[PDB]
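Shown below, as structure tokens, is a lone chain in the form deposited in one PDB entry; questions about how it binds or moves come after it.
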């Protein structure tokens, strides 16, 4: 799931993390009044979209740039008038851009020092870990490659909680000194408790830094959430902005199907994520370009097969479909009849290749061959992949 800048910044602030003071406005007048209420010397206006590259984007109002600095609340309102309700296009958006319904009006803070600080569960140490670097404001992966001596880690015990000694040591390794070390340690502690409270998989602060006036601030952050915890994080998942997701992925999620679009033309779906990945792979190994990953989940349910076809028959780049169902006990003739039912009712127009394993496969293949539809059966996954690849120009 995805949060707008103002949603993650509010979540942070509501949990004691120090961020720039800000308001959200959805009209130009609200932006002007918000700028007045900041009582700040320097103000930043930022359009709220999820895609990157706002700073160099263009609105279909003609206004250049999604981030503007000013001292004048009147200017904030005037520029917001040429943002709100317009589409903002960046290097990371489609050409139509993204409709901007909200802007953030925040105090513009100068940055004296930049560091990197993230909290995540360590898959090799089996607990939370703090990951920090004094080399802030840059891709942490680059820092790891170029300067691995500047990557610091503190393993935390889930039941002990974060200790002052751990927070202080990380703060020191990040380069904070004196009272700012104590501030940074306290902020690390608050970020750790936030990470646990919200079932984050990662809380990444970059830059985690200082202002010239001597405050430790989380200037920008990215939070990733554990989907498995949605049942106890309803308020946070209710904020999920799906407006910039691929539309078919949104439609898939409605039905508990995990769809991931790829850049290809041979669609596929499979019961089981490992085998779904493997089916994408084997299409590629045999000279094709998979169009998507689609895991139907456990249990071969006719409704899941039906919805899968509904998703794929929509995508204009799909030129063929490889269905791979390893159903064990389920009667493949029932699955076969469900497939022909879906292809008729949803008007399949592309070649379909079906690999069925389970019981009653012979009758299932007979059903598919007699359906009058462009359907071919496959004897194994390699045969299915070759047939799929050869079904397209």
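Positions refer to the first chain, counted from 1. Here, rigid core means the biggest group of C-alpha atoms that superpose within 1.5 Å across both forms.
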Segment of higher mean CA temperature factor, 131-139 or 266-274: 131-139
Between 367-375 and 381-389 (mean CA B-factor, as deposited), the higher: 367-375
Out of 180, 194, 291, 221, residue topping the C-alpha B-factor column of the entry: 180
Candidate residues 226, 122, 281, 295, the one whose C-alpha B factor the record puts highest: 122
Residue 337 - which third its CA temperature factor falls in, relative to the rest of the chain: middle
Third assignment of residue 345 from its chain's C-alpha B-factors: lowest
Where the record places residue 359 (Cα B-factor, split into thirds across the chain): highest
Record-listed C-alpha B factor of residue 233: chain third: lowest
Assigned third (lowest, middle, highest) for the C-alpha B factor of residue 56: middle
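Quick note: we don't show the form deposited in another entry, though the next part is all about it.
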Sole residue of 375, 11, 25, 384 shifting 2 angstroms or more in CA between the shown form and the other one, core aligned: 375
Residue shift check between the shown form and the other one, rigid core fit, residue 100 Cα at least 2 Å: no
Residue 302 C-alpha moves between the shown form and the other one by 2 Å or more, core aligned: yes
Residue 340 C-alpha relocation of at least 2 Å between the shown form and the other one, rigid core basis: yes
Residue 335 and residue 254, C-alpha gap in the other form relative to this structure (3 Å or more): closer
Sense of CA distance change between residue 300 and residue 384 in the other form, threshold 3 Å: farther
